[PDB]
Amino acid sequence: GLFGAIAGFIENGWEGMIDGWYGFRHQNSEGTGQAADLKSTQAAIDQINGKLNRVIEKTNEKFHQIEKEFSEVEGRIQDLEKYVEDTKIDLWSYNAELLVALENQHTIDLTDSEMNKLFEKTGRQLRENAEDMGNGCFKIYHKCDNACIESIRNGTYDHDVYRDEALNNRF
């Protein structure tokens, strides 16, 4: 993808992440844990539902069509009826192929981008208290129990509380 996260610095996805599209896994003094991130999940889901709703909007109704199968040879007028219909089908087949190609490229890029956005957001929340290990994981340089992790996941982590302990362990 354009953003280098999915199938990039994130090595692989998580078949065990069942309750979200993106999320957090941690290991600390009390053990290991996992949680879906609902905002980034819902941002991807809303965008894909948007694209999916636009695709099935105005694709419909016609009543009088010309004849399209013929039981007798006739020459000129039948030749033009057939050429108009083959021309039309070729143009719509091309439209359908290109539409799905562009939509699919865009879906892969926007979901890659939401993964990257969540990573950057988390890194900004940790402010000198953590380092990017280069694989989508942060090494957190202070004691960080389940409540501390949960404060990171729910956006209320106060980096100043731990800055001194963390700077001391980093340097």
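The first residue of the shown sequence is 1; numbering continues from there.
Two stretches are in play, 109 to 117 and 57 to 65, and the higher mean C-alpha B-factor belongs to 57 to 65. Once the C-alpha B-factors are averaged per stretch, 91 to 99 and 78 to 86 rank with 78 to 86 first.
Residue-level inspection of the entry shows that, of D46, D145, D37, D132, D145 has the top Cα B-factor. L167: CA B factor in the highest third of modelled residues in this chain (values from the PDB entry). The PDB entry assigns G31 a C-alpha temperature factor belonging to the highest third of its chain's modelled residues.
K139 sits in the middle third of its chain by CA B factor, as recorded in the PDB entry. Compared with the other modelled residues of the chain, the Cα B-factor recorded for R124 ranks in the lowest third.
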